[PDB]
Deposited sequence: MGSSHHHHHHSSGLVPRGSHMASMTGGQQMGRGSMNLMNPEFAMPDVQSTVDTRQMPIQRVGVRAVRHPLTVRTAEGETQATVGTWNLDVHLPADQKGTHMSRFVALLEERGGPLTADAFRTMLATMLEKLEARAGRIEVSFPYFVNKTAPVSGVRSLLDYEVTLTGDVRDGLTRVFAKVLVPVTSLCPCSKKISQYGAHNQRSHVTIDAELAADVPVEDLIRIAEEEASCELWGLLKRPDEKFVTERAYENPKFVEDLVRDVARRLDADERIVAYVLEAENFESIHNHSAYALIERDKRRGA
């Protein structure tokens, strides 16, 4: 006798192309059920994915959210997708490699507002500031940028914002000469997890992003160091 804000499918694995790049994405498609209805065409959620096509595009994602709301005869819902994203970048001096970043594109239709969010987990390098000054500790960190979008924003732009405010970016292949630069860059710029977040937010604190949730996790100890800063 009460409304179920999210009713739907979860963990739907089905291929997906983005732009071009073919990946595989896991879907979480859901709709809101009113207080008087009792069921939903969960089969339609599958039929959508299995029939939809085209490179996913800001516009194709917005249309896919709309088609769902009709196919399911609904007024609110969300389309969530988690897929691997790669980027062919160049070495700092070598000229050479592809890196894996996990992206999450989410779009909800509530109160006549189709809000498009996007998140990317980026591998980045960090170096302790206390050590070095304390002594005569360069682990890897995971930066998560969940950005509420006011206008279209590429994921590689967000990836660039994170790798550009860190002791060092990550490269799959790094010739031995490059290793020096990457290793010596941290020695110069000791980055405290407490600071990397502050610095990263400043780049988003950007108008294509009205709101965001940015988290930095360092893999020190067998524990971890985590900082999150939300906004509006």
query: Missing segments of the deposited chain sequence, listed N- to C-terminal; finding: 1-54, 74-78, 156, 197-199, 269, 285-286, 299-303
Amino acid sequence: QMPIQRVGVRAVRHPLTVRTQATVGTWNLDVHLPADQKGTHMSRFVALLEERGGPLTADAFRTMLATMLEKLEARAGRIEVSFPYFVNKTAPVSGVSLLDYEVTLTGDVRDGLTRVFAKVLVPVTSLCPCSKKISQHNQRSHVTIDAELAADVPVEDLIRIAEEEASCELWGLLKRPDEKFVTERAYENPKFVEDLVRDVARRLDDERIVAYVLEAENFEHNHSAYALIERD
From here on, numbers count along this sequence of modelled residues.
| property | result |
| --- | --- |
| Mean C-alpha temperature factor, higher of 180-188 and 42-50 | 180-188 |
| 141-149 set against 87-95, stretch whose average Cα temperature factor tops the other in the entry | 87-95 |
| Maximum C-alpha temperature factor, selected from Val103, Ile134, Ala74, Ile79 | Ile134 |
| Chain-relative CA temperature factor third for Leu65 | lowest |
| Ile4 - Cα temperature factor, lowest/middle/highest third of chain | lowest |
| Ranked against its chain, the third holding the CA B-factor of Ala166 | highest |
| Chain-wide C-alpha B factor ranking for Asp59, given as lowest, middle or highest third | middle |
| Chain third (lowest, middle, highest) by recorded CA B-factor, residue given as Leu121 | lowest |
